[PDB]
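Here we start with a single chain on its own, the form deposited in one PDB entry, put down as structure tokens.
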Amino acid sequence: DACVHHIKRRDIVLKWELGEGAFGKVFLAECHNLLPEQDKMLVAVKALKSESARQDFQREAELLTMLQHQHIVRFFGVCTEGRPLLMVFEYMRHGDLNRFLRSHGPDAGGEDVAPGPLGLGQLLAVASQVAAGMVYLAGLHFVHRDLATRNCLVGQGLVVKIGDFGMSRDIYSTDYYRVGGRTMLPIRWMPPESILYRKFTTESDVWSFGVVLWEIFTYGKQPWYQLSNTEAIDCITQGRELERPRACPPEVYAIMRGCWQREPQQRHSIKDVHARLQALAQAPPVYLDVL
């Protein structure tokens, strides 16, 4: 049921590689006649590799065209015209959110970003945008299962959008727990009911967002980095919480804990978390200076 848009291979011109995963690589490419205002624009093309993949390929592209929001990474279509199989994405020049945060933690000044550490309003801006994307998926009633900064992209103008890599399992292999197995769980981002009861719901995503929110104010630092995977599981199932980041106001840390209520339905909705963050984000400097 291909209701997903298609792109002729001839309109796609690979320039160079951006990154690589076990199951695929990403290229920067020129895409002609894709958008009307740009006769030529830049896209990020993912090439695959398997009959399991060619069948899997269709499923994700259906999903990707399906969820299109202002804070979900734009998905233009696919090139099924012969092989290799391609997926055409909007190009986000600042890379994933984790790299971006780490590059602007203390300790340069560029086109989109002020010199040195990201400001409180900027840190809040980044968090607000991710929330909105999670608000969208929650309305669509989808669960991300792997919400982390490594799966969020930053675009020119400091635009943050949600994606689901990758890539993530490869470049950030230290962020996953290998179960034998043979799968991998980002245990440091998962709530107690997911580690114990193996349940992943919408209210499991707010827990993930708090950890993402934690990540943002720690400038990309891994949660429970001082702990091993087994030791991390212990702390999480025993109700121990991540300490307040230095760059995090007591007002904002209260939001994290609201996402970290042990019982799934005692947590706040993602609509409610986004609203508090956006207000803080849009808040006048005067209000934030004394925060």
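Only residues modelled in both forms are compared. We call the rigid core the largest set of C-alpha positions that still match within 1.5 Å between the two forms. Just count from 1 along the sequence shown to find any residue number.
A second form of this protein, the form deposited in another entry, is not displayed here; the remarks below concern that form.
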Among 165, 136, 89, 176, the C-alpha that moves by 2 angstroms or more between the shown form and the other one, rigid core fixed, is that of 165
The CA atoms of residue 165 and residue 235 move 3 Å or more in the other entry, ending up farther
Where do residue 165 and residue 211 end up in the other entry, Cα atoms closer or farther than shown, with a change of 3 Å or more? farther
Once the two forms are fitted on their core, the residues forming runs of at least three in a row with C-alpha displacements of 2 Å or more between the shown form and the other one are 108 to 110, 164 to 167, 178 to 183, 284 to 286
